[PDB]
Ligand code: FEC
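Coming up is one lone chain in structure tokens, specifically the form deposited without the named molecule.
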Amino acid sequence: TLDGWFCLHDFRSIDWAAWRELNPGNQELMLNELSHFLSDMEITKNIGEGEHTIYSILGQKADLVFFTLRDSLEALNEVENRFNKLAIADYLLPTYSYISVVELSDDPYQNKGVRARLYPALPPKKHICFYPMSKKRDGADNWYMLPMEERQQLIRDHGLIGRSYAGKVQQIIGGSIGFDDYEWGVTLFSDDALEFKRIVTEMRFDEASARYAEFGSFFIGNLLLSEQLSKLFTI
């Protein structure tokens, strides 16, 4: 398999109780520093050395997710440390995270059609859906014990689903074997959140997932631009 950018899903909850105690002046300074940090990220993306986006997560799991993509673990780890060193980061409590690397099955690494997948531009879709997953190794339902022939056939039929949801849902698959607790981090983008439920359900009735898919938690959110972050942190 061919690998692309290293990915970080960073889920945060806003400590409103502490944030409320800050005067408007200091709240302004911390947001000013954040905007500067966000402009930094934008520059890295403009030179094609990374990607990033922010979505507001629903429910008590988190308030925000910071999805970041970079060319190396060193180039990903300093973003994480640089972010935590921000003043406002004290009010962004860690609730969950995920580490992965963009994954995909004559040089392919120059094929500009393949580059668009390994180093994907993040679409500004209204909504986002994230969940980790793994392939089962339980009794008769053991994905990794399947023959090469049958196992590939399951992947074939599975791919036809996402193929049918083209223009409705965009997927980013990140392998996490050796990097995190599950085997894949799946990120979905769409302007209609209902499409997330439809594709994952339709997938769940397909044998590939119906028999071998193990799922972690599901996180769903809405697009959050810089022009929306200010009113968000304004009580």
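A residue's number is simply how far along the shown sequence it sits, counting from 1.
*Asks:* Among the other entries of this protein that model both neighbours of residue 144, is it absent from at least a third?
*Replies:* No; none of the other entries leave residue 144 out.
*Asks:* Indicate yes or no: is residue 159 absent from the model in at least a third of the other PDB entries of this protein that were compared?
*Replies:* No: coordinates for residue 159 present in every compared entry.
*Asks:* In terms of residues present in the deposited sequence but not modelled, what lies between residue 105 and residue 106: none, 1 to 3, 4 to 9, or 10 or more?
*Replies:* Per the deposited record, the segment joining residue 105 and residue 106 lacks coordinates for 10 or more residues.
*Asks:* Comparing 223-231 with 7-15, where is the mean C-alpha B-factor higher?
*Replies:* For C-alpha atoms only, the mean B-factor is higher in 223-231.
*Asks:* Check the entry's C-alpha temperature factors for 47-55 and 163-171, then say which stretch has the higher mean.
*Replies:* Per the PDB entry, the higher value belongs to 163-171.
*Asks:* With respect to the C-alpha temperature factors reported in the PDB entry, which of 127, 85, 112, 137 ranks highest?
*Replies:* When the deposited C-alpha B-factors of 127, 85, 112, 137 are compared, 112 is largest.
*Asks:* Identify, among 42, 63, 181, 207, the residue whose C-alpha carries the highest B-factor in the deposited PDB entry.
*Replies:* Within the set 42, 63, 181, 207, 42 shows the top C-alpha B-factor.
*Asks:* Relative to the other modelled residues in the chain, which third contains the C-alpha temperature factor of residue 120: lowest, middle or highest?
*Replies:* It belongs to the middle third of the chain when residues are ordered by C-alpha B-factor.
*Asks:* Could you tell me which third, lowest, middle or highest, the C-alpha B-factor of residue 187 occupies within its chain?
*Replies:* Residue 187: CA B-factor falls in the lowest third of its chain.
*Asks:* Could you tell me which third, lowest, middle or highest, the C-alpha B-factor of residue 93 occupies within its chain?
*Replies:* Ranked within chain, residue 93 CA B lands in the lowest tercile.
*Asks:* Ordered by C-alpha B-factor within the chain, which third holds residue 133? Give me lowest, middle or highest, please.
*Replies:* As the PDB entry reports it, the C-alpha B-factor of residue 133 lands in the lowest third of its chain.
*Asks:* If you rank the chain by CA B-factor, which third does residue 35 end up in: lowest, middle or highest?
*Replies:* It falls in the middle third of the chain.
Quick note: we don't show the form deposited with the named molecule bound, though the next part is all about it.
*Asks:* Evaluate residue 105 for contact with the named molecule in the deposited bound form, applying a 4.5 angstroms cut-off between non-hydrogen atoms, and reply yes or no.
*Replies:* It does: once the named molecule is placed as it appears in the deposited bound form, residue 105 has a heavy atom within 4.5 Å of it.
*Asks:* Please tell me whether any heavy atom belonging to residue 44 falls inside 4.5 Å of a heavy atom of the named molecule, as the geometry stands in the deposited bound form.
*Replies:* Judged by the heavy-atom cut-off of 4.5 Å, residue 44 is well away from the named molecule in the deposited bound form.
*Asks:* Quick one: is residue 163 in contact with the named molecule in the deposited bound form, heavy atoms, 4.5 Å cut-off?
*Replies:* Residue 163: contacts the named molecule in the deposited bound form.
*Asks:* May I ask you to check whether residue 215 falls inside a 4.5 Å heavy atom distance of the named molecule in the deposited bound form?
*Replies:* Although the named molecule is absent here, residue 215 would touch it in the deposited bound form, with heavy atoms inside 4.5 Å.
*Asks:* Which one, 96, 83, 119, 131, lies within 4.5 Å of the named molecule in the deposited bound form by heavy atoms?
*Replies:* Contact with the named molecule in the deposited bound form is made by 131 alone.
*Asks:* Only one of 64, 193, 200, 34 comes within 4.5 Å of the named molecule in the deposited bound form by heavy atoms, so just point that one out.
*Replies:* It is 200 that has a heavy atom within 4.5 Å of the partner.
*Asks:* Which among 67-75, 150-158, 83-91, 120-128 is in contact with the named molecule in the deposited bound form, heavy atoms within 4.5 angstroms?
*Replies:* In short, 150-158.
*Asks:* Heavy atom within 4.5 Å of the named molecule in the deposited bound form: which residues of 138-153 meet that condition, in order?
*Replies:* Going through 138-153 in order - heavy atoms within 4.5 Å of the named molecule in the deposited bound form - there is one hit, 143.
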